[PDB]
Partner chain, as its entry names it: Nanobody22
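One chain comes next, on its own, written as structure tokens: the form solved without its partner chain.
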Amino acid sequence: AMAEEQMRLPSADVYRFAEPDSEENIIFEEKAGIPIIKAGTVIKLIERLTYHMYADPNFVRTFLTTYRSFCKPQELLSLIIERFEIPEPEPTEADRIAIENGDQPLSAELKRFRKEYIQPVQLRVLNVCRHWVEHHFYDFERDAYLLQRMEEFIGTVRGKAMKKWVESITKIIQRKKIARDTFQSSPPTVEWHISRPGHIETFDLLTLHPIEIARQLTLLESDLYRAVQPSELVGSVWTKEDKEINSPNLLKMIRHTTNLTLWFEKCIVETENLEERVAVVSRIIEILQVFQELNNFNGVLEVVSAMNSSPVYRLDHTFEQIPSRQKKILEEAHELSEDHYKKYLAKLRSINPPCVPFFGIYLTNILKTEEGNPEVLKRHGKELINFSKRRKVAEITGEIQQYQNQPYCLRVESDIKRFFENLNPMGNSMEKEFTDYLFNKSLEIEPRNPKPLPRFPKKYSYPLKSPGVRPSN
């Protein structure tokens, strides 16, 4: 009987998106509301992306976030244009006869197929096009040819029934192209210490104010967190060949984290004088204290990584001189990470904006999803794209997005921003050469047990006492 349903759809030789659903081309999870697609052929994914029966804004969103893991942007545009071009059924025998007598056909089925299948599918295709240009315009910025195809397609759609949708998409494309270029309170005063405004040559860990290091690193990290698009995290594209094109905001975030962490370690192990090194560790702990004040969890866990690093953690003689109060701040910061970040998560959900979440936990959990789930599922010999796997990755990038609209009430300082944008602790060395050298400096400044502890001369010729972390008026 339902076979009567599929004989009212075009044949497989004139149209590819009306073959019946089977266990070997589409799978769902297990209500009587919209089903959850688990796997399918890219043809079945396109069919359901643009399904006639209902709107599906969650599949549209998830599909357009994750599709580059199984389908090129050029191929996606080709498939949805093909989906759009639906052949009309032949006239019935009686209407055939009438047509060649120059008489009006009834066209009952033809009119129904247009209203109930073609029009809605076509509206679903324009809806996909709009979401695509609104939420993923970078696809069109990276590929001027893709944008040319989209505009010709949209510009040749017929009917006043779809005029509205077309004008809307064209508006969004024009707003996006045009883009080519604050506050409710006052921010607090920019804090200075030994370095004075403009005197950039004197900028260093101990010469800048620790309050203002933490503030400027929080602003720079806020912006880097906010620039990351979910698609930069799908199908591990930041760990593969085209990384710089596909994941540029993510790589900037990872490279800042690497550079700040390694710079902290470098500042520590390259201060060979024990008394001066204690001052460096203690200043980095105060920077952490201000990160916490600002709910910059990213920065907090960057300081934790530095102190937990194989070169730093072994410095028994240094941590021996750190006052109890500073050790406790560092211990409680570490404990954020224990038991799969239980206390970090409780803390994140308990605070009020603004914040910078710890980014590393999302990368860890996307990687475990990528490595622990198969790219494709097999049914009856056929390979189906594992969509549930992409959905799981997209839900984690969903968590990232929750926190990307939280600007800080803090003045920028351009020279300090520049100073931290320009961190290059590794020099022209690669990462393993640098970490090996840091460990070997550690051994030199604090040798392993049997050998006793040499003295080393002072390198800093300015006062090492900290101005503290009260902003004071």
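Between two forms, the rigid core is defined as the largest C-alpha subset superposing within 1.5 Å. Positions refer to the first chain, counted from 1.
The same protein has a further form, the form solved in complex with its partner chain, not shown here; the description that follows concerns it.
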Problem - Touches its partner chain in the deposited bound form: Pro452 (any heavy atom, 4.5 Å) - result: yes
Problem - Heavy atom of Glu444 within 4.5 Å of its partner chain in the deposited bound form - result: yes
Exercise for the section: Answer with yes or no whether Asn440 is in contact with its partner chain in the deposited bound form, where contact means some heavy atom within 4.5 Å. Expected result: yes
Practice task
Look up in the deposited bound form whether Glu272 has a non-hydrogen atom within 4.5 angstroms of its partner chain, and give yes or no.
Solution key: yes
Practice task
Using the rigid core as the fixed frame, list which single one of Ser305, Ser222, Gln122, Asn295 shifts its Cα by at least 2 angstroms between the shown form and the other one.
Solution key: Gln122
Problem - Core superposition between the shown form and the other one, C-alpha change of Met150 at least 2 Å - result: yes
Exercise for the section: Return yes or no for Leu233: a CA shift of at least 2 Å between the shown form and the other one, with the rigid core superposed? Expected result: yes
Handout entry: Displaced residue check between the shown form and the other one: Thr170, CA, 2 Å or over, core reference
Key = yes
